[PDB]
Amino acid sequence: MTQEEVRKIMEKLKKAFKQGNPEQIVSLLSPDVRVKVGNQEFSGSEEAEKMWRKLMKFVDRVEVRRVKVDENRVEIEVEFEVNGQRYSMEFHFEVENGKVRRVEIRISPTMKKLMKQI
C-alpha cells in the first residue's frame, strides 16, 4: 500500500472523528476488522459499529489532537468532553487495501473505569 493512499485514509479517519458521524467510520472498516481494547479482543464490522456508535453518542464532543503515520500504521490521538472533563484515547490503525484491517484502542487510566459501559 502506498503512503499517499495511507495518508488518504488517515484524512478520512480524522474527518470521520471531526464530523462526529458514525456513518463515515463504518465505510472505512473491513468486514472482518479486528478490534482490541486492552485485554479484550473482538472482530467484525457489525460488532465494531456497536461500540463506536455507543462511544460517539456518549461523548458530548470529539476532537483530534495528534496524528502519526508509520508504514501502514496510523495513530490518531482523540480528545473529548465527559462530565465537565477532557480525556483522550489513542486509535492505532493497521490499514490494508484501502480499509482498516485492525484497530487498537488504548485508553487512559482515568478514562478506564467508566468505559466498561461500552
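Just count from 1 along the sequence shown to find any residue number.
Taking the mean C-alpha B-factor of each stretch as recorded, 14 to 22 and 99 to 107 are not equal, and the higher mean is that of 14 to 22. Per the PDB record, of the two stretches 33 to 41 and 61 to 69, 61 to 69 carries the greater mean B-factor over its C-alpha atoms.
Taking the deposited Cα B-factors for 48, 28, 56, 89, the highest one is held by 56. For residue 93, the recorded CA B-factor ranks within the lowest third of the chain. Only modelled residues enter the ranking. Annotation for residue 78: CA B-factor lies in the middle third of the chain's modelled residues.
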